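Below you'll find the structure, written out as structure tokens, and then a few comments.
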Amino acid sequence: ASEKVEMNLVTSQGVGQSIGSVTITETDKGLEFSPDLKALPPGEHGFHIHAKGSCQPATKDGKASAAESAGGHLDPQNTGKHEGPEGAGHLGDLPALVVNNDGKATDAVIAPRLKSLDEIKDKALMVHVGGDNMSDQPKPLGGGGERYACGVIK
Ligand SMILES: [Cu+2]
Ligand SMILES: [Zn+2]
């Protein structure tokens with residue numbers, strides 16, 4: 001089974017233009033995330049599933065913050081740690097999203113720990129401005145920084 005999630009730009013003032021979609025499919029080796037995105041800054045970007053199915057801004061962190069409404073990283077086991085797709089932390093930690101020099105992301109990625117679409121229903125798929133070193137050191141949540149794009153999983 002699979003599901004298509006449309007992604008949009010987010011700012012501290014709301015949700016912007018659509019930048020494509022990501023389709024998620026259940027495979028023998030876990031959930032596969034096959035992006036078809038454009039208009040993204042080239043480089044590697046933090047890619048995680050957040051706890052709430054909302055991309056709206058919220059005023060937490062000395063002001064308004066883009067898609068802050070989605071809460072933290074999905075973690076139903078309350079591990080409290082950020083360790084990556086192959087770690088034992090947040091269940092929502094996905095391998096990083098690599099954007100090419102044309103500003104597109106088209107390479108599929110796998111999360112072996114996720115096994116069913118049922119597990120991520122009504123959650124938010126997020127893309128960060130910063131990367132992800134899959135650790136809380138030396139920067140929290142892998143140095144992801146601000147939220148750049150977001151989509152809600154129906
Ligand atoms: Cu995130
Ligand atoms: Zn995390």
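Index from 1, following the sequence.
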Nearest heavy-atom neighbours spanning [X] and [Y]:
{"X": "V109", "Y": "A96", "answer": "CG2-O, 3.8 Å"}
{"X": "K60", "Y": "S65", "answer": "O-CB, 4.0 Å"}
{"X": "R147", "Y": "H128", "answer": "CG-CE1, 3.7 Å"}
{"X": "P85", "Y": "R113", "answer": "O-NE, 3.1 Å"}
{"X": "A67", "Y": "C150", "answer": "CB-SG, 4.4 Å"}
{"X": "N101", "Y": "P42", "answer": "CA-CB, 4.1 Å"}

Do [X] and [Y] have side chains that approach each other closer than 4.5 Å (heavy atoms only, starting at C-beta)?
{"X": "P138", "Y": "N133", "answer": "yes"}
{"X": "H82", "Y": "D132", "answer": "yes"}
{"X": "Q13", "Y": "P57", "answer": "no"}
{"X": "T106", "Y": "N100", "answer": "no"}
{"X": "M134", "Y": "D93", "answer": "no"}
{"X": "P41", "Y": "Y148", "answer": "yes"}

For the side chain of [X] and the backbone of [Y], is there at least one donor-acceptor N/O pair under 3.5 Å apart?
{"X": "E119", "Y": "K115", "result": "yes"}
{"X": "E83", "Y": "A88", "result": "yes"}
{"X": "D136", "Y": "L141", "result": "yes"}
{"X": "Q17", "Y": "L9", "result": "no"}
{"X": "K52", "Y": "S69", "result": "yes"}

Measure the spacing between [atom1] of [X] and [atom2] of [Y] and express it to the nearest 0.5 Å.
{"X": "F33", "Y": "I49", "atom1": "CZ", "atom2": "CD1", "result": "4.0 Å"}
{"X": "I110", "Y": "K29", "atom1": "CD1", "atom2": "NZ", "result": "10.5 Å"}
{"X": "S21", "Y": "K4", "atom1": "OG", "atom2": "NZ", "result": "6.5 Å"}
{"X": "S34", "Y": "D107", "atom1": "OG", "atom2": "CG", "result": "9.0 Å"}
{"X": "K104", "Y": "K38", "atom1": "NZ", "atom2": "NZ", "result": "7.5 Å"}
{"X": "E26", "Y": "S116", "atom1": "CD", "atom2": "OG", "result": "4.5 Å"}

Could you walk me through whether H50 and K123 pass the side chain to side chain contact (heavy atoms under 4.5 Å, CB included) check?
-> CA-CA 6 Å; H50 284 239; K123 299 292 166 165; over 6 Å; no
Within the 6.0 Å centroid threshold, strictly below: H48 and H90 |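 No, they do not, as the ring centres are separated by 6.0 Å or more.
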If two hydrophobic side chains count as joined below 4.5 Å and joins carry through other members, does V152 share a cluster with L114?
->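 No, separate clusters.
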Audit row: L31, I120, side chain to side chain contact (heavy atoms under 4.5 Å, CB included) steps and yes/no = CA-CA 10 Å; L31 258 40; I120 51 192; 3.5 Å; yes
Take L37 and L97 through the side chain to side chain contact (heavy atoms under 4.5 Å, CB included) test and state the conclusion after the steps.
-> CA-CA 10 Å; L37 311 165; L97 189 78; 4.0 Å; yes
Between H45 and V99, does a side chain to side chain contact (heavy atoms under 4.5 Å, CB included) hold up when you go through it step by step?
-> CA-CA 8 Å; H45 291 99; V99 177; 3.6 Å; yes
So which residues get pulled into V15's cluster when ILVMFWY side chains under 4.5 Å apart are joined, directly or through others?
->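 When side chains under 4.5 Å apart are linked, the cluster holding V15 also contains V10.
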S135 and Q137: side-chain donor and acceptor closer than 3.5 Å?
-> yes
